[PDB]
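Chemist: part one of the complex, untouched from its place in the assembly:
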Amino acid sequence: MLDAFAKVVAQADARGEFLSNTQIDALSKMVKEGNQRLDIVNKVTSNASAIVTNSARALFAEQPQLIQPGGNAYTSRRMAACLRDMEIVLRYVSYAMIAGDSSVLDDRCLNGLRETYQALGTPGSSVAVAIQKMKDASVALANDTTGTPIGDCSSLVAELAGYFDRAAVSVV
Amino acid sequence: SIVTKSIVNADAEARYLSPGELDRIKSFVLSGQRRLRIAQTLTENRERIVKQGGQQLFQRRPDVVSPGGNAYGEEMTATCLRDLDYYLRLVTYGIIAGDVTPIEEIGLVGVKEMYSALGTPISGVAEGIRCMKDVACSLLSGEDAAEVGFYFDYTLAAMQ
Amino acid sequence: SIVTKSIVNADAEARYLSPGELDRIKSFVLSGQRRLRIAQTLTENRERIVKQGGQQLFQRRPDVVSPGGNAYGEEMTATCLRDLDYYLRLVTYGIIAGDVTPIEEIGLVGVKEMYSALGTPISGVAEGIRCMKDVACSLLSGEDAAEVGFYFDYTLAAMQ
């Protein structure tokens, strides 16, 4: 597991030189944005169980055959497993937002998630539909200017949007 | 094209085109503005017409996508919708060419031999084109939806 | 192959292949199984050889990726690694053929005219091929990198 600072340390550890004085200015620009980072995470971790169930409900109206009798997410054993499966993706996306780099997203979550949907028979294209349902709810809640000073945060919600559509192309 | 069939037909007799044959060319080039606009309206609705058309086809024919059907699987259903895109592209060629000869020379000559060899039910490809016709005919006006539907029903008649 | 140049060299003289000329051909086929193993190593490490060769090319020549360089941008940089993928493929051809003719006939004749007409620095493409060589010679044994080193070296000398 790395954070954003660890990928600059461990890169030049393989090159073996000291960290340059123009690279410290890139790390100090990150800690100036370090407190706008912490309320993108606090906005999405607090409405976490309503990002999930409002995105599942939007999925099951577009593709109604996933919940009809003989469908994949039909029973009450498997509706709960489908609802869990978006909670785990939203968990590791917010983990990779607070670290700054995606090295824990594709390690404990995406490392072979595609190959276990071929074994389970789960439609992997429909999990990537319901991740982009959750991307549209989470970047709208990271623009919420209540209890926070007004400023430009467009470069950090575009990084949160990057970890959502990385986990969508890794299941199809 | 309307011009092509008039020139080859008057070559078999070894003569020039008649005023009745030349007026069909004048009457056709006058409608060129309406044909270029109708084809543009369909080309801008590819993902909706193709996606909407294949969505209704799997409710009138649920067996083709179930276990055992021809289009069973994500990659097979992907090539399923690939075929519908071929015939939507051919329909835009016929609307612009002024006749159905592009639809015939590309994808109707030998269509029953192709689909029987691939193991595909030809009756399902004609059901999927009839569903795309309803979607495409709901994006047009009263007169433009009438003629665009005739290009979809022609493809189905030649596909049975 | 040596077979091709041995027949073209003997065809022009209007005679059969010579005794020593045949012994070279026999020695080639006896090492053909080993040539397939060396070329098999580079083929499954192709993306890693291009990545590491791509990174270290941009540290020894940062002018090619800076504002005003030929490979400035992410799309123009993609064309950088595309060209590096070509030459890594052509060296695998030369390994199996036991000769440089597959490299020379595909991407060495007219290479100065081609890059000169694109505005691309021919001096830098040789630097990238030299950076791909050390990674390739890093995944091979002592004498296997001595075999692959011949084909990587011929490509650079012709590119200057």
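Modeler: Sure thing, it's come through. Numbers count the residues shown, from 1 in each chain, chains lettered A, B, ... in the order given.
Chemist: packing partners for the helix or strand harbouring residue B:126?
Modeler: Element membership for residue B:126 (DSSP states H and E) is helix B:122-136. Other elements packing on helix B:122-136 under the criterion 3 or more Cβ pairs under 8 Å, 6 or more residues apart in numbering or on different chains; DSSP states H and E are helix B:46-60, helix B:74-97, helix B:111-117, helix B:144-157. Quick note: C-beta positions are derived from backbone N, CA and C, even for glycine.
Chemist: same for the third one, what does it pack against?
Modeler: Spelled out, that is helix B:111-117. Against helix B:111-117 (3+ Cβ pairs under 8 Å, 6+ apart) you get helix B:122-136.
Chemist: Give the buried residues for the helix it packs on.
Modeler: B:122, B:124-133, B:135-136 (16 or more other Cβ atoms under 10 Å in any protein chain shown).
Chemist: hmm, back to that, how about the helices and strands packed on helix B:122-136, which one is nearest residue C:13?
Modeler: Within the helices and strands packed on helix B:122-136, the stretch nearest residue C:13 is helix B:111-117; the backing value is 53.0 Å (Cβ to Cβ).
Chemist: Flag every buried residue along that closest one.
Modeler: Neighbour-count burial for helix B:111-117, with 16+ other Cβ under 10 Å as criterion, is recorded at B:111, B:115.
Chemist: Touching that helix from outside, list them.
Modeler: For helix B:111-117, contacts defined as Cβ atoms under 8 Å, 6 or more residues apart in numbering or on different chains pick out B:121, B:122, B:125, B:158, B:159.
Chemist: contacting residues for the third one?
Modeler: Applying Cβ under 8 Å, 6+ apart to residue B:125 gives the contacts B:83, B:115, B:159.
Chemist: Out of these, which comes closest to residue A:52?
Modeler: For the contacts of residue B:125, the nearest to residue A:52 is residue B:83 (36.8 Å; Cβ to Cβ).
Chemist: Out of the helices and strands packed on helix B:122-136, which gets nearest to residue C:17?
Modeler: Using Cβ to Cβ, the nearest of the helices and strands packed on helix B:122-136 to residue C:17 is helix B:111-117, at 48.3 Å.
Chemist: centre of the chain versus the closest one, how much separation?
Modeler: 17 Å (Cα atoms, centre = their mean, to the nearest Å).
Chemist: mind listing the helices for chain A?
Modeler: A:6-15, A:24-32, A:38-46, A:48-62, A:76-99, A:105-108, A:115-120, A:124-141, A:154-169 (DSSP state H).
Chemist: Append chain D to the structure above:
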Amino acid sequence: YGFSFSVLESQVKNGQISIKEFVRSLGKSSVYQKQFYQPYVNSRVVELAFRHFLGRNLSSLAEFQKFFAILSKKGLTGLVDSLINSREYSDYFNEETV
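Modeler: One more piece, chain D, placed on the ones above:
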């Protein structure tokens, strides 16, 4: 390719038209001129027509000039009619033999 001349087959299976009349309406058809009339010059069309409606090749130079002039003046149907209406066709093929 799945072509079909359905009205022509039912008329020839029932006996209303002979095989000579079946071959004649297959020559002046649209599938024929689409394949053996359009992609060729008038010189090459006269030679390929002798192979289909007569089963042989042109023999003399005066035989080409006689049928090139008919095709040049009356098109396809003026040529196919002059080959089936000839004495050589009926001599070898009389109304029932392909």
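Chemist: now that chain D has been added, could you go back to the contacts of helix B:111-117?
Modeler: B:121, B:122, B:125, B:158, B:159, D:1, D:2.
Chemist: Identify the residue nearest the residue positioned nearest the centre of chain B in space, chain neighbours excluded?
Modeler: Nearest to the mean C-alpha position of chain B, by Cα atoms, centre = their mean, lies residue B:91 at 3.4 Å. The spatial neighbour of residue B:91 that comes closest, neighbours along the chain excluded (Cβ to Cβ, 6 or more residues apart in numbering or on different chains), is residue B:151 at 5.1 Å.
Chemist: now swap in residue A:159 and tell me
Modeler: Per Cβ to Cβ, 6+ apart, closest to residue A:159 is residue A:97, 7.3 Å.
Chemist: Residue B:72: how many residues sit nearby?
Modeler: Other residues lying near residue B:72 total 15 when counted by other Cβ atoms under 10 Å in any protein chain shown.
Chemist: Do I have it right that it meets residue B:66?
Modeler: Yes. With contacts counted by Cβ atoms under 8 Å, residue B:72 reaches residue B:66, the gap being 6.7 Å.
Chemist: And the residue nearest to residue B:91, how close does it get to chain D?
Modeler: 21 Å (Cβ to the nearest Cβ, to the nearest Å).
Chemist: give the contact list for that residue.
Modeler: By Cβ under 8 Å, 6+ apart, the neighbours of residue B:151 are B:91, B:94, B:95, B:100, B:103.
Chemist: distance of the fourth one from chain D?
Modeler: Spelled out, it's residue B:100. 14 Å.
Chemist: Name all residues that make contact with that residue.
Modeler: B:94, B:151, B:154, B:155.
Chemist: ok, now the first one?
Modeler: Shown here is residue B:91, whose contacts under the criterion Cβ under 8 Å, 6+ apart are B:42, B:103, B:136, B:148, B:151, B:152, B:155.
Chemist: again, but for residue B:108
Modeler: B:155, B:158, B:159.
Chemist: Do I have it right that the last one meets residue B:129?
Modeler: Yes. Under the contact definition of Cβ under 8 Å, residue B:159 touches residue B:129, with a separation of 7.1 Å.
Chemist: Between these two, which contacts overlap?
Modeler: Common neighbours of residue B:159 and residue B:129 (Cβ under 8 Å, 6+ apart) do not exist.
Chemist: right, and the helix or strand after the lengthiest helix in chain D?
Modeler: Longest helix in chain D, counting residues (DSSP H): helix D:61-84. Tracing the chain past helix D:61-84, the next element assigned as helix or strand by DSSP H and E is helix D:87-92.
Chemist: Chain E should join the structure above:
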Amino acid sequence: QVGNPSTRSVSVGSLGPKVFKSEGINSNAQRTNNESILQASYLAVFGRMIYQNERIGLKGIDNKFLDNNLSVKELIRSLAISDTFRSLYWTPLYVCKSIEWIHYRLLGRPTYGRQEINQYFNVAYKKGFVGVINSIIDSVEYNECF
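Modeler: Placing chain E onto the earlier chains gives this:
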């Protein structure tokens, strides 16, 4: 040349092509067109300018001509008997289609008939690609015209 066999070498004029001559006319007799007669030789043998990668192997030939150490006949010969010429106009061609072409380059005309095309086809069967070139450049019509 068939109604006037002695018209060989007599320049036609402005009706024919341009003739390049390694002349060397001056008050000191210095050749000032050594770089133009070399450009004209590549266009006579190959018809075009060869690539910079294949012209590398012929740089030893051009260096000796520009230094005033080769005649045009020994330069035209050393270009035709090269392996880039052989790889272009001899190997990928029918054997009598190469003689008909090679004869048209070194001599400005195609063959007259079968007694001339069969003569070279026998020189190719025995000696090879190089034997055909030397038999056209050492010809009597070559030395009389050029």
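Chemist: back to the contacts of helix B:111-117, now that we've got chain E?
Modeler: Applying Cβ under 8 Å, 6+ apart, the set of residues contacting helix B:111-117 is B:121, B:122, B:125, B:158, B:159, D:1, D:2.
Chemist: Checking the nearest residue to the fourth one once chain neighbours are set aside next. Helix, strand or coil?
Modeler: If the residues on either side of it in the chain are set aside, residue B:158 comes closest to residue B:108, at 5.0 Å by Cβ to Cβ, 6+ apart. Under the three-state scheme (DSSP: H, G, I helix; E, B strand; the rest coil), residue B:108 adopts coil.
Chemist: Correct me if wrong: residue A:53 contacts residue A:80.
Modeler: No. Counting by Cβ under 8 Å, residue A:53 stays clear of residue A:80, with 11.7 Å between them.
Chemist: Residue A:146 and residue A:89: what is the separation?
Modeler: Remark: distance between residue A:146 and residue A:89 (Cβ to Cβ, to the nearest Å) = 26 Å.
Chemist: Repeat that for residue E:41.
Modeler: 73 Å.
Chemist: Quick one: name the residues of chain A near chain B.
Modeler: Applying Cβ under 8 Å from any Cβ of the partner chain, we find that chain A lies next to chain B at A:123, A:124, A:125.
Chemist: Confirm for me that the last one is in contact with residue A:169.
Modeler: The one in question is residue A:125. No. Counting by Cβ under 8 Å, residue A:125 stays clear of residue A:169, with 10.9 Å between them.
Chemist: Give me the more crowded residue out of the two.
Modeler: Applying other Cβ under 10 Å to residue A:125 and residue A:169 shows that residue A:125 carries more neighbours, namely 15 against 11.
Chemist: Just list the residues touching the more buried one, thanks.
Modeler: Residue A:125 neighbours (Cβ under 8 Å, 6+ apart): A:172, B:74.
Chemist: about what we covered before: when residue E:41 and residue A:89 are compared, which one has more neighbours?
Modeler: residue A:89 (24 against 20).
Chemist: That one reaches residue A:167, doesn't it?
Modeler: Yes. The criterion here is Cβ under 8 Å, and residue A:89 meets it with residue A:167 at 5.6 Å.
Chemist: so how far is residue A:139 from the residue nearest the centre of chain E?
Modeler: Residue closest to the average C-alpha location in chain E (Cα atoms, centre = their mean): residue E:106, at 3.7 Å. Distance of residue E:106 to residue A:139, given as Cβ to Cβ: 76 Å.
Chemist: so who does the residue nearest to the residue nearest to the centre of chain E when sequence neighbours are not counted touch?
Modeler: Closest residue to residue E:106 apart from its sequence neighbours, by Cβ to Cβ, 6+ apart: residue E:136 at 4.7 Å. With contacts defined as Cβ under 8 Å, 6+ apart, residue E:136 is in contact with E:102, E:103, E:106, E:107, E:120, E:142.
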